[PDB]
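Next up is one chain by itself, shown in structure tokens, the form solved without this ligand.
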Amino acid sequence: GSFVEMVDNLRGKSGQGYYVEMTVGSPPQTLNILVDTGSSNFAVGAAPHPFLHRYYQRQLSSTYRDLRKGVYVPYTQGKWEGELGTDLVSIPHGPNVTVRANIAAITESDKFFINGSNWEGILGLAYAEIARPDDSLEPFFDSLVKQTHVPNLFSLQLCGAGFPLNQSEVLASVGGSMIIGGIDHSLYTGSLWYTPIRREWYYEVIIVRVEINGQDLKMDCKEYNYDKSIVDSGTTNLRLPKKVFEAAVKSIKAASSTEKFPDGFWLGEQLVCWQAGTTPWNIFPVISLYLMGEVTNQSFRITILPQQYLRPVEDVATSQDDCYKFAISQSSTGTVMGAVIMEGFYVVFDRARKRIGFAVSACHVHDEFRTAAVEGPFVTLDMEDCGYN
């Protein structure tokens, strides 16, 4: 398809998130909203805050409805809480429709709004099962589909720059596209390969094999989905279950041993810097994640480059060095295919057919020698067994 008005409607970067412009209330109050496939609540700052340039003023909206109910959302490092209500919502560079949706007006938060991120709310695109307070609070996308004829699917092309962007550059640049209700062929190359959404809560999938430069990690595949495996645009890193993480890092270190990096680099805590333009991409291996296909006993793989898993960070120093952080870290809640992974591909969240498609992104960062890839099919047996219970 071709949904030209929605192409390039995102701004942001992997470390801080990608967001789309939305309006809430009457008259319209414009806000920048983080696109998050890892959660299911539509929530916006509703009170002044040091890191918010603007916020939702319910008292100024004539269509605001109070649901007289509070909502609390805690997470690893911080949280937000607020008051539930509904209002009219639109997406300026989205389909030309206006919907009444649940809105969590954030009254208090800790380590939620990030300095300089520029988004003032979050758009939880996942399913009702994980919405807060409970699954009766209908998610935004569900209200959108119910109230309009927008097809039940959206697609995301998150575009990392491959280098640090200052405040001015993020504001003045295109960070990608969120095509609501369709697929735009200019956003990818090659073919789209689909993997089933295992269950509708998070956008859960099943990984059946992992390779580091073609070499099989060779772990029992259930380890790869230990707990669950999800696609999450609201998380920066590629997160891996502890056992998988330890095996992956051992292998990545082995492939890159011509250079040694401090432990803090591998812990994703400290940056590594190389003189301008000399980042040794070639010593780092590519990483392939094989996903269960739609055809019985068939699988396909997506391959990412170090240009995806090494996240650019500015060297606040006065050097012209190119610096990065290792964007692969351990998880205790399963595999998380975050932003640095999504930056390599055009990702289709086909809710209507309960599947997620992957294609090489037309804007993925690469070099002259290697490119990210999506290839298949591969004959694979007993993949259902890779799922955890």
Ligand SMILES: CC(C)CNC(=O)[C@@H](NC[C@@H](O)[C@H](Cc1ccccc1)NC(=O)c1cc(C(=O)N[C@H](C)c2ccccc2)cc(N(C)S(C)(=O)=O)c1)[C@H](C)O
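Residues that one form lacks are left out of the comparison. Throughout, rigid core stands for the largest set of C-alpha atoms superposing within 1.5 Å between the two forms. One rule holds for the numbers: they count along the sequence shown, beginning at 1.
The form solved in complex with this ligand is left out here; the points below concern that form.
Note on contacts: among 291, 230, 105, 178, the single residue with a heavy atom within 4.5 Å of this ligand in the deposited complex is 230.
Note on contacts: among 16, 380, 23, 9, the single residue with a heavy atom within 4.5 Å of this ligand in the deposited complex is 16. Although the partner is absent here, residue 251 sits far enough away that none of its heavy atoms falls within 4.5 Å of this ligand in the deposited complex.
Among heavy atoms of residue 274, none comes within 4.5 Å of this ligand in the deposited complex. A residue is said to contact a partner when one of its heavy atoms sits within 4.5 Å of a partner heavy atom; residue 74 meets this definition for this ligand in the deposited complex. Under a 4.5 angstroms non-hydrogen atom cutoff, this ligand in the deposited complex has residue 114 among its neighbouring residues.
Residues 122, 235 and 339 are all found to lie within 4.5 Å of this ligand in the deposited complex, as judged by heavy atom distances. The stretch among 217 to 225, 114 to 122, 185 to 193, 243 to 251 whose residues place heavy atoms within 4.5 Å of this ligand in the deposited complex is 114 to 122. After fitting on the rigid core, stretches of 3+ residues whose CA atoms all move by 2 angstroms or more between this form and the one not shown lie at 74 to 78, 172 to 174.
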